[PDB]
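Make a model of this:
(chains A, B, C, D, E, F and G, ligands or ions: 19)
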Amino acid sequence: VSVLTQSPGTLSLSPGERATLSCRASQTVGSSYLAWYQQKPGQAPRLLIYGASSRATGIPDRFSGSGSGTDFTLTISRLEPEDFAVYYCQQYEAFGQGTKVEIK
Amino acid sequence: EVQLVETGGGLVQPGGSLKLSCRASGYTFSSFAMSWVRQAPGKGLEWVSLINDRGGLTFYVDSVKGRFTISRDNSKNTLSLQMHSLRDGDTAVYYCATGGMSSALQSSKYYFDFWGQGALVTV
Amino acid sequence: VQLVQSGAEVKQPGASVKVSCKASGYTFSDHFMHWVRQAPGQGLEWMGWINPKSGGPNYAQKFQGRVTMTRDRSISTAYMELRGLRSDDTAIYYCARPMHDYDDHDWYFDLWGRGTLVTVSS
Amino acid sequence: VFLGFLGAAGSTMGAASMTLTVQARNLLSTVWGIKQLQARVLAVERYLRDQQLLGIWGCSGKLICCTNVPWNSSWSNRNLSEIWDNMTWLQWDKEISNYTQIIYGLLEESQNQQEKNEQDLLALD
Amino acid sequence: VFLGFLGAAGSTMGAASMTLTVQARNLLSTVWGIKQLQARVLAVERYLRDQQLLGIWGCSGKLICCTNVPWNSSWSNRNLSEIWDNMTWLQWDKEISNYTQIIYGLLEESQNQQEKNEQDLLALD
Amino acid sequence: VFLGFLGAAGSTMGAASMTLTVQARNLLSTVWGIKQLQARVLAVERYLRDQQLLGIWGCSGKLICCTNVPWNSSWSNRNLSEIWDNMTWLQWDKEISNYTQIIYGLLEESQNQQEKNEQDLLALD
Amino acid sequence: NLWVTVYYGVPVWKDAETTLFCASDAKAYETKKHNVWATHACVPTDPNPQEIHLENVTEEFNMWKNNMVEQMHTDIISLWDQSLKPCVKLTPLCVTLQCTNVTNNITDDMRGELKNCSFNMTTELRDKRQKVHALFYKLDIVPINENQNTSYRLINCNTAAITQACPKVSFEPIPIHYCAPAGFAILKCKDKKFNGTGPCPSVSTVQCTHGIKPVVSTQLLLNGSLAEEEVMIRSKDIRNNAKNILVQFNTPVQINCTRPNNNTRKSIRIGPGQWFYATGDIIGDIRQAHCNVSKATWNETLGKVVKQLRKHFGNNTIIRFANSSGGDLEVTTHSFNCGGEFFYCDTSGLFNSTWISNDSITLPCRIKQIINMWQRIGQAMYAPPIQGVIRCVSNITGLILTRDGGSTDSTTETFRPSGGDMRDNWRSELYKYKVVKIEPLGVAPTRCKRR
Ligand SMILES: *[C@@H]1O[C@H](CO)[C@@H](O[C@@H]2O[C@H](CO)[C@@H](O[C@@H]3O[C@H](CO)[C@@H](O)[C@H](O[C@H]4O[C@H](CO)[C@@H](O)[C@H](O)[C@@H]4O)[C@@H]3O)[C@H](O)[C@H]2NC(C)=O)[C@H](O)[C@H]1NC(C)=O
Ligand SMILES: *[C@@H]1O[C@H](CO)[C@@H](O[C@@H]2O[C@H](CO)[C@@H](O)[C@H](O)[C@H]2NC(C)=O)[C@H](O)[C@H]1NC(C)=O
Ligand SMILES: *[C@@H]1O[C@H](CO)[C@@H](O[C@@H]2O[C@H](CO)[C@@H](O)[C@H](O)[C@H]2NC(C)=O)[C@H](O)[C@H]1NC(C)=O
Ligand SMILES: *[C@@H]1O[C@H](CO)[C@@H](O[C@@H]2O[C@H](CO)[C@@H](O)[C@H](O)[C@H]2NC(C)=O)[C@H](O)[C@H]1NC(C)=O
Ligand SMILES: *[C@@H]1O[C@H](CO)[C@@H](O[C@@H]2O[C@H](CO)[C@@H](O)[C@H](O)[C@H]2NC(C)=O)[C@H](O)[C@H]1NC(C)=O
Ligand SMILES: *[C@@H]1O[C@H](CO)[C@@H](O)[C@H](O)[C@H]1NC(C)=O
Ligand SMILES: *[C@@H]1O[C@H](CO)[C@@H](O)[C@H](O)[C@H]1NC(C)=O
Ligand SMILES: *[C@@H]1O[C@H](CO)[C@@H](O)[C@H](O)[C@H]1NC(C)=O
Ligand SMILES: *[C@@H]1O[C@H](CO)[C@@H](O)[C@H](O)[C@H]1NC(C)=O
Ligand SMILES: *[C@@H]1O[C@H](CO)[C@@H](O)[C@H](O)[C@H]1NC(C)=O
Ligand SMILES: *[C@@H]1O[C@H](CO)[C@@H](O)[C@H](O)[C@H]1NC(C)=O
Ligand SMILES: *[C@@H]1O[C@H](CO)[C@@H](O)[C@H](O)[C@H]1NC(C)=O
Ligand SMILES: *[C@@H]1O[C@H](CO)[C@@H](O)[C@H](O)[C@H]1NC(C)=O
Ligand SMILES: *[C@@H]1O[C@H](CO)[C@@H](O)[C@H](O)[C@H]1NC(C)=O
Ligand SMILES: *[C@@H]1O[C@H](CO)[C@@H](O)[C@H](O)[C@H]1NC(C)=O
Ligand SMILES: *[C@@H]1O[C@H](CO)[C@@H](O)[C@H](O)[C@H]1NC(C)=O
Ligand SMILES: *[C@@H]1O[C@H](CO)[C@@H](O)[C@H](O)[C@H]1NC(C)=O
Ligand SMILES: *[C@@H]1O[C@H](CO)[C@@H](O)[C@H](O)[C@H]1NC(C)=O
Ligand SMILES: *[C@@H]1O[C@H](CO)[C@@H](O)[C@H](O)[C@H]1NC(C)=O
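Numbering: from 1, shown residues only, chains lettered A, B, ... in the order given. Ligands and ions are numbered 1, 2, ... in the order given. Take a look:
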């Protein structure tokens, strides 16, 4: 499968500023196949980004992403209160470890 | 590289029939129009005839329209000029030349870029 | 568009669990059905998919031999049966439908299931 | 419209060459409905093919059209009176049926594209 | 394509004779599928009939076409300003509806076949 | 008929402008029967639309047709040798695809109706 | 300086989707009274078809987005449906069946496959009834109740009604050629190493495609085309495991299939003009159906496939072949139909190999008469039994595979046979074909001016 490393393990910010979550694929060939999932505690994951850059239907524009090859990133423009969860990157059947965005 | 060699000059009697010819080497003969231009021994140049690249558009100077006939063979790389009923004003050195017109698919070529050695016709 | 799973259940080591996933709203045969594992305090973990139209399942190597996924097309329901249960199999088991994108990269799980906790204890 | 249709089929070729509009106007118009629709569509396609053949010969909108193609005596060595004052178009078609495609290929590609290229190159002058 | 369609139907005949392409471009496009196919095939046949009428008058590829047919004052004795600057084509068609076939038969067979035979015989010279 | 079809699609534009008849001749030809009838009727309608476009430009019965529309260097600033001796029609169509309608509207209504009105008014003299 | 010149008949095209019409041999139509895949909806083919080489033309092809495959799917399903509308519908046969074991001459493998079943049946007169017996296969009958009453029902009867194929209609795939209407062209990729996607530098235009036999099969492509130079591996995304991998052999593997039982056909009248054909009695010994493949030929082709897979998955990766994880009988077994009888072969012998980076096989096959074709629930058909012993020869020209996911270790790649959708069976023949629209109107600059 494709190994996905989603650094950093825990990222401590405060509301309203821009966070740049990153995922790095290792055992791949390099393409635009990635998805970003948001999983709030006690809830199932939810799709945000479907593709290297495109956005899932219904998701606000504050959630945006980009990348190509073997380096991709999620950019939350505005850390509104309903934007703190665990974020995962998916390359086919493989999933990232998970990035915690916690208030600080 | 470009060389045009005229042949068939000779001494004709008024009212005779001659067949001038021009050979070419050094370029694609089928992609250029060809012209015949005459210089009388004591006067300047005068344009006689024009034929297109394909060989189906033929133009003549007012004097020689019904008498002279231009033709070209794009497989033999030869240009020919049949001159019937040669009068006394037709004595001159004739040059086969490259140019005069062009196809719609090429740029304008309203000039003669390559000329030949020359062939004197006395009549 | 909704996937209702079965209720949470508790089992002993060595037994077999069979989670289910009823589907409503969309044509059940058009999309594949994937089963995903979220262990407590761990990342997401894909287990397998099943083609509803054929029934042909793909499993992950760790679950080869122990998991059997099936479907009943009449009631638009999918099933996943994890036999030979062990301690680490305690996890939430979601049923996910990839969406119909333009490149036919059917791995974008827009539609997840709410989950079904399987607690293995002695 | 139908009046006079084919009425010069036993007349001489010249006498029959004066009624061409009568035969040109008569060339255009459940499971039975699709069979009749297929017949009508084939009539339309056939008329279009004939008009395309006329148009690739420089003969559009023309019932009589002269060309720059010499007649070959191999095709027919008959004299003009024999053909136009002593024969019908049916007999003519019987005689030339095995030469039609040669004429149609001497009209299709040689004469028309040559002439058309020469008009383009004369329009350049 | 549809923009401007029939927009000069209340304009004078001359003003409406400057938009002919707008109306010429708008003349060409289960059991329901065969009904719509029959409608489309009839539209095609109708366009072909109109173009055939134009072609048998020496008017192919022409939206305005002059002829050698004199106007008869019996058909209409109105002056040019009345027709072209003070009437619409609908009123005109209402006026000439009972004379159309006479004009169409004076264009069909007299003028065009006469002219066409004369061009053939002049091409002989 | 099919022989040589599209065979100059990798040739230069000029070399490919000498085989136009080969591609012009290849443009005309139960529930399955109505599907195939719909395909045939759409082919007929498509040919008729193309011929109507040619006819509203003064280009009827013509495979090559010159016009009075100047070329704009904004459409393409390439030299004649580049286009006709160093490009194929496919690449050309890729280049001009976003300018085709401007040219088609400069041919549709300006050039042809202007020219046609002027021929009518010269025929008056 | 330069002026607009209009050109009609320019060799310009664009990608397009149209309704293609077949072409078939009139000859075979005279030999074939009827074939499910109608030669009547289609047209007689033209002898000496034309293929013009488009020299200097490089065209973009996409095997995985081709509407010819979808039209073929629609056409084959619809031809089947109309070939099965006139035939008799076996609704009167949905009755309780009292079934007992057949043990006249039975080998240990064939134990219980066939059952002797008695039932009450309608006759031509509406006021009288008859009791009739027929042999049925275990896969076509389901227990009515858990208790051992030995009462049985046909599997379809709960959810749907089962049509009977007409005995005269034949099932042999005959080649069909797909042709383009006027104003459309079929471009054929002549590159011998093409994987069905990307630019194709060697292109030709064809009036019609080559004859494609509608062969319905799973896990193995039969009687198809063969690769010219090397084994061809074609997947929409090879890294993705949800997309089936299509394999093309350069050399076929001959497969010999047989049902050695001498079968008989018993006519049973169920209506005024409606008949039901039944298995009758099997003359002689009863033995299981099976298929033979050459073991050396299979191993050499598998090695070639392994080499091509290594070209996509690493030079030192271990290529393991294993058998189907599960699913319906169609996908789990090599399903096919030859002679009118529908086989289902266990290909566990075929895919039983681990390939490290450095005599015949017999497949036990099973027979069925209730067939659900094309992954549809509710439109089953009853296949009438075929009288006599059937022997059957075919070429294995390719495979349909699925690569296992979730690999914990990265040194191995496991590939299991798959299938079920015939759009991936008919896309292995149409991979090199794309329909295009001719755009014959062109405008280009010239120095020529209208007078
Ligand atoms: C792959 O191709 C091979 C070779 O083409 C093909 O095997 C052939 O199948 C046909 C049709 O099943 C076989 O022909 C049958 O066998 C004999 C030989 O003549 C006859 O008994 C049969 O005719 C009976 O059935 C007909 C109805 O189908 C009736 O009309 C007729 O009256 C008879 O009752 C029939 O022709 C042929 O023998 C084989 N050939 C070989 C070499 O095996 C195979 O089926 C193809 N495979 C697949 C999976 O499609
Ligand atoms: C299936 O069982 C039936 C009984 O319904 C058998 O048919 C009978 O066979 C005997 C011979 O043993 C005949 O004498 C009887 O006349 C048959 N029954 C009837 C109603 O005619 C049949 O042999 C069995 N078939 C198999 C294959 O075992
Ligand atoms: C089929 O061959 C083509 C051409 O070699 C491959 O396309 C290359 O791979 C990817 C797409 O997978 C793209 O970057 C380019 O289109 C190609 N890259 C090049 C030429 O550098 C295609 O991947 C091959 N497919 C298979 C299944 O082997
Ligand atoms: C498939 O292979 C088997 C095993 O080799 C064949 O079975 C043999 O068939 C021959 C010829 O009829 C018999 O004499 C042998 O006794 C059989 N051997 C066994 C059962 O071990 C079978 O014929 C083959 N089937 C085909 C080619 O259809
Ligand atoms: C698949 O392969 C396995 C071995 O990988 C086969 O099982 C062995 O078969 C041999 C020869 O018959 C026996 O001596 C061994 O005892 C078997 N077991 C093992 C663990 O090797 C198996 O028969 C094959 N399956 C088929 C052909 O369906
Ligand atoms: C038939 O032939 C006769 C004499 O052969 C001639 O007078 C007459 O006009 C012809 N009629 C037609 C209709 O061709
Ligand atoms: C007439 O046809 C013959 C063959 O029958 C051919 O040899 C000859 O060249 C043709 N004549 C002309 C002038 O084309
Ligand atoms: C034309 O047709 C036949 C058929 O090919 C040919 O053999 C014959 O010579 C020709 N007939 C006439 C009357 O010229
Ligand atoms: C309508 O008529 C008025 C005056 O009668 C005129 O000014 C106007 O242009 C006409 N409009 C049209 C669309 O014909
Ligand atoms: C005009 O029509 C009348 C009949 O109304 C007819 O007598 C007359 O000859 C026609 N005039 C011309 C010039 O044709
Ligand atoms: C034209 O139509 C009618 C119907 O034949 C005719 O009687 C009438 O005289 C004409 N009408 C006009 C307004 O010229
Ligand atoms: C292909 O190109 C070569 C050189 O580029 C040329 O010689 C040849 O004529 C071309 N062929 C076609 C069919 O366009
Ligand atoms: C050429 O196109 C430009 C716009 O790109 C326009 O401004 C200009 O007038 C055009 N030239 C002519 C001669 O029509
Ligand atoms: C023509 O097509 C695209 C699509 O609009 C346009 O953006 C581009 O500038 C043009 N392409 C070329 C190669 O001229
Ligand atoms: C057939 O009908 C008889 C009575 O006619 C009944 O006793 C028997 O059970 C029926 N057999 C079945 C349903 O197999
Ligand atoms: C099987 O393959 C051989 C060898 O290529 C070939 O000659 C034969 O026609 C093929 N048979 C079938 C039924 O496709
Ligand atoms: C099958 O049975 C029929 C019935 O007569 C017989 O003719 C034929 O020889 C038998 N075939 C075999 C292979 O036993
Ligand atoms: C696959 O092979 C295994 C043994 O490895 C066997 O038990 C199983 O039944 C096979 N599955 C199918 C679907 O044939
Ligand atoms: C096939 O060759 C491979 C080589 O790795 C190996 O599995 C085995 O020796 C061969 N198997 C058979 C059954 O011939």
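
May I have the phi/psi pair for the residue nearest to residue C:7 when sequence neighbours are not counted?
The shortest distance from residue C:7 to any non-neighbouring residue, by C-beta to C-beta, 6 or more residues apart in numbering or on different chains, is to residue C:116 (6.9 Å). To be clear about C-beta, it is placed using only N, CA and C from the backbone, and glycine gets the same treatment. The phi and psi torsions at residue C:116 (degrees, to the nearest 10) take the values phi -150, psi 100.

my read: residue C:116 touches residue C:22, true?
No. The pair residue C:116 / residue C:22 is not scored as a contact, 11.6 Å apart, by C-beta atoms under 8 Å.

anything in stretch G:56-65 near ligand 12?
Yes. Counting by C-beta under 6 Å from any ligand atom, ligand 12 is contacted by stretch G:56-65 at residue G:56.

next one: that stretch to chain centre, how far?
Taking C-alpha atoms, centre = their mean, to the nearest Å, one finds stretch G:56-65 lying 25 Å from the centre of the chain it belongs to.

Show me which residues of it are buried.
G:57, G:59, G:61, G:63, G:64 (16 or more other C-beta atoms under 10 Å in any protein chain shown).

Stretch G:184-192 too?
G:184, G:185, G:186, G:187, G:188, G:189, G:190, G:191.

SS state for residue D:120?
Using DSSP: H, G, I helix; E, B strand; the rest coil, the structure places residue D:120 in helix.

Stretch D:89-103 and ligand 7 in contact?
No. Residues of stretch D:89-103 contacting ligand 7 under C-beta under 6 Å from any ligand atom: none, with a closest distance of 7.9 Å.

Would you mark the buried spots in that stretch?
Applying 16+ other C-beta under 10 Å to stretch D:89-103 flags D:89, D:92 as buried.

distance between the ends of stretch G:123-137?
One end of stretch G:123-137 sits 24 Å from the other (C-alpha to C-alpha, to the nearest Å).

what's the burial count for the residue in chain C that ligand 5 sits nearest to?
For chain C, the residue closest to ligand 5 is residue C:65, as judged by C-beta to the nearest ligand atom, at 15.1 Å. Applying other C-beta atoms under 10 Å in any protein chain shown, we find 11 residues neighbouring residue C:65.

Residue G:4 now?
Neighbours of residue G:4 (other C-beta under 10 Å): 26.

What separation do you get for the closest residue to residue B:25 other than its chain neighbours and chain E?
In space, residue B:25 comes closest to residue B:3 once its chain neighbours are excluded; the distance is 5.1 Å by C-beta to C-beta, 6+ apart. Applying C-beta to the nearest C-beta, to the nearest Å, the value for residue B:3 to chain E is 45 Å.

I'd say residue B:3 and residue B:22 touch.
No. Using C-beta under 8 Å, residue B:3 is not in contact with residue B:22; the gap is 10.6 Å.

Can you pull the phi/psi pair for residue B:10?
Taking degrees, to the nearest 10 as the convention, residue B:10 sits at phi -180, psi -180.

if you count what's nearby, which of residue C:116 and residue C:22 comes out ahead?
Under the neighbour definition other C-beta under 10 Å, residue C:116 and residue C:22 were set side by side, and residue C:116 has more, 20 against 17.

Enumerate every residue touching that one.
Residues near residue C:116 by C-beta atoms under 8 Å, 6 or more residues apart in numbering or on different chains: C:5, C:6, C:7, C:8, C:9, C:19, C:92, C:93, C:94.

Across the sheet, point out what pairs with the nearest residue to the second one once chain neighbours are set aside.
When you say that, I think you mean residue C:6. Counting by C-beta to C-beta, 6+ apart, residue C:6 lies nearest to residue C:20, which is 4.7 Å off, once chain neighbours are set aside. Residue C:20 has these beta-bridge partners by DSSP bridges: residue C:79.
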